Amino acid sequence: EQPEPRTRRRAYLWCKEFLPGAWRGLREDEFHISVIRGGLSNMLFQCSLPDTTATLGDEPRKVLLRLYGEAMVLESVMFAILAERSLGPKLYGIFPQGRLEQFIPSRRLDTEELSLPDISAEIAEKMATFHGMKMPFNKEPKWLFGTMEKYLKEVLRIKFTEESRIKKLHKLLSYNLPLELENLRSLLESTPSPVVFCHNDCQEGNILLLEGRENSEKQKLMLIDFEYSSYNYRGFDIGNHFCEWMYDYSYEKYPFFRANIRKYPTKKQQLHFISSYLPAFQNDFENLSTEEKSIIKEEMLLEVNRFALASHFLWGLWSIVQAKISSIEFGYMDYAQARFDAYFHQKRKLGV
């Protein structure tokens, strides 16, 4: 797929002006560009040198161009920090209309792969590593309930025009969400979880399987797409990831997802995950007694399964608001209903 000749021009100039080596002397007629994702918000292109052109130093042959649609400053700083620490794609250029990033040959994981033991173990290690790092952002964990409050308030003010959405919203408001948010607050306020640097969206579509490295046991993945990252309760990040075993966003018919409550990880599979996470997050952990390890692990199961409720609640509210304001083709209200179904199922499973 080719873009319009006007974006093609703009892109040529960005690469020419921002990238060093052979790129600096490159002519419009030798510029290769093609699409990866299009639309109206976060559009991706692969830009490259022609195969016949030689590099002059260590510049990339090929790069990723990301066109964009307080928060703008924070996301850029963080993208740069991760790039410097080699935990994210390198940052090659930053401008108002977009940015230029390392191109990493890879594919996203499919939902079904999240439960493969070796995949699950590595995701845990990465998340653990990510949780341990220092970032220059606010460390009060106010984003979880602050955000749930903000969306709840919008949700109560929403008037849809189409009858089917009006009906679906009416079924959702029937649960008395402001009362349910307070119950979830008191449950989570009594559930200790250390505040750490969370990804907050650790789903299959934000996990890259790296080309070439498929045979590596423990080093085949990269976490990406940190736009929702913040300091937050650890339980949310793990609980949210566990929830993601149940949703597959690649389904081609409406509503463009498939949900399965029986795909939530078993106790066994949860233990496999936290057995990799704990040593990578608390370095002394491997040298505790058998019995002390079991205690930590059992309290962690309770922790993450409780915070899983906040994953369902938050993304459910989010999705209702998106049904009003997003143009993207997705059955947002059906998804909201699926998250609230799972919420009430998980409440029953926990006895809370």
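Residue indices: 1-based, along the sequence shown. Between two forms, the rigid core is the largest collection of C-alphas that superpose within 1.5 Å.
K.L.:
Once everything is fitted on the core, do the CA positions of 260-268 or those of 277-285 lie farther from the shown form in 8 other deposited structures of this protein?
P.N.:
Output: 277-285, the stretch lying farther off on average in 8 other deposited structures of this protein.
K.L.:
Give, as the answer, the stretch of 156-164 and 133-141 that departs more from the shown form in 8 other deposited structures of this protein; the measure is RMS Cα distance after a core fit.
P.N.:
Between 156-164 and 133-141, the one lying farther away in 8 other deposited structures of this protein is 156-164.
K.L.:
Look at the stretch from residue 57 to residue 58 and count the residues of the deposited sequence that the entry does not model, then pick none, 1 to 3, 4 to 9, or 10 or more.
P.N.:
Per the record, no deposited residues are absent between residue 57 and residue 58.
K.L.:
Going by the average Cα B-factor in the PDB entry, point out whether 48-56 or 289-297 comes out higher.
P.N.:
Going by the record's values, the stretch with the higher mean is 48-56.
K.L.:
Which wins on mean Cα temperature factor, 162-170 or 205-213?
P.N.:
Mean C-alpha B-factor is greater for 162-170.
K.L.:
Among the chain's modelled residues, which third holds the C-alpha B-factor of residue 97?
P.N.:
Its C-alpha B-factor belongs to the highest third of this chain's values.
K.L.:
Where does the C-alpha B-factor of residue 153 rank in its chain, lowest, middle or highest third?
P.N.:
Its C-alpha B-factor, which the entry lists for residue 153, ranks in the highest third among residues of this chain.
K.L.:
Determine, from the deposited record, the chain-internal third of the Cα B-factor for residue 311: lowest, middle or highest.
P.N.:
For residue 311, whose C-alpha B-factor we compare with every modelled residue in the chain, the answer is the lowest third.
K.L.:
Among the modelled residues of its chain, does the C-alpha B-factor of residue 143 lie in the lowest, middle or highest third?
P.N.:
Highest third.
K.L.:
Where does residue 113 sit by CA temperature factor within its chain: lowest, middle or highest third?
P.N.:
Residue 113: CA B-factor falls in the lowest third of its chain.
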